[PDB]
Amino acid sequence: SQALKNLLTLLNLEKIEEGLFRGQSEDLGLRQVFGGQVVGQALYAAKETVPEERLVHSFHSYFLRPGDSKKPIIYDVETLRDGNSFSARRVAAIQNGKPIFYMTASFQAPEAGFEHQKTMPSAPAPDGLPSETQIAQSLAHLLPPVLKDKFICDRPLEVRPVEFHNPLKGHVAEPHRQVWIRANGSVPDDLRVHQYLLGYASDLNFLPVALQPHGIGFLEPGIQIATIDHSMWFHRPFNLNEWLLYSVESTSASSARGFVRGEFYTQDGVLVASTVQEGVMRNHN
């Protein structure tokens, strides 16, 4: 459970000045910075500069350089606009004197209006599915004692895939994936926190779906995937303490790029948010 509090602490940026923050990275595997961390932290920085009643409803972002998790990241927020209804902000993520990421987010106050939504796709309940932590721990029995011990996944989130796609091997399959996600611990009763946490989560089990028709795992040798842009629209309020289905599809792949679109639904079938991302996808020999 320490993992979730460690993530929430990590997303709660250190203020250097108005609209100027500093964030730590890492710690959980792989040296490059996880895209979700940048998204989550950029969202925090952005919301800190917006009227409290205005919640993020959308954001667009482009990744320009790989982030180094050994170094902190500086987030500089620019106020683009504050109208009778919307507040827009642009966040620059900086490391080594260069922008590594830009996000533009829009915020709006709560309001009733036209309501309609796509019907949730059918998917088996999370109850009968193993978590990625279970799957990893089972695969770890393949490692020798020296390595088996040190490893282990204490995660801030719990993920139960409908179909498991091993990133180390990969098998041919339709460009669709469904995973169930929820916080592995208690998330504060503040919707804003749930939002940037979902922002964080939205970058998991996403881009890799574009590799399925080609049976390649994203961690295999010679395979390189990297996010170019990540966008999200928060349609309705939600509680990440409860399950959410992340329904993902890859409608296209071409010119060394992979494209994916996702949707988050509550177990009861409420459409909570939508996501879109394109990233580099190369097979180097």
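Throughout, we count residues from 1 along the sequence that is shown.
Averaged over Cα atoms, the B-factor as recorded in the entry is higher for 93-101 than for the other of 93-101 and 197-205. 53-61 and 217-225 differ in mean CA B-factor, and the higher of the two is recorded for 217-225. Highest C-alpha temperature factor among 231, 247, 41, 32, as the PDB entry reports it: 32.
Annotation for 106, 178, 84, 117: 84 ranks highest, by Cα B-factor. In the PDB entry, residue 236 places in the lowest third of its chain by CA B-factor. Among the modelled residues of its chain, residue 13 has a C-alpha B-factor that falls in the middle third according to the deposited record.
Among all modelled residues in its chain, residue 25 ranks in the highest third by Cα B-factor. Ranked by C-alpha B-factor against the other modelled residues of its chain, residue 69 falls in the highest third. Per the PDB record, residue ranking by Cα B-factor puts residue 210 in the lowest third of the chain.
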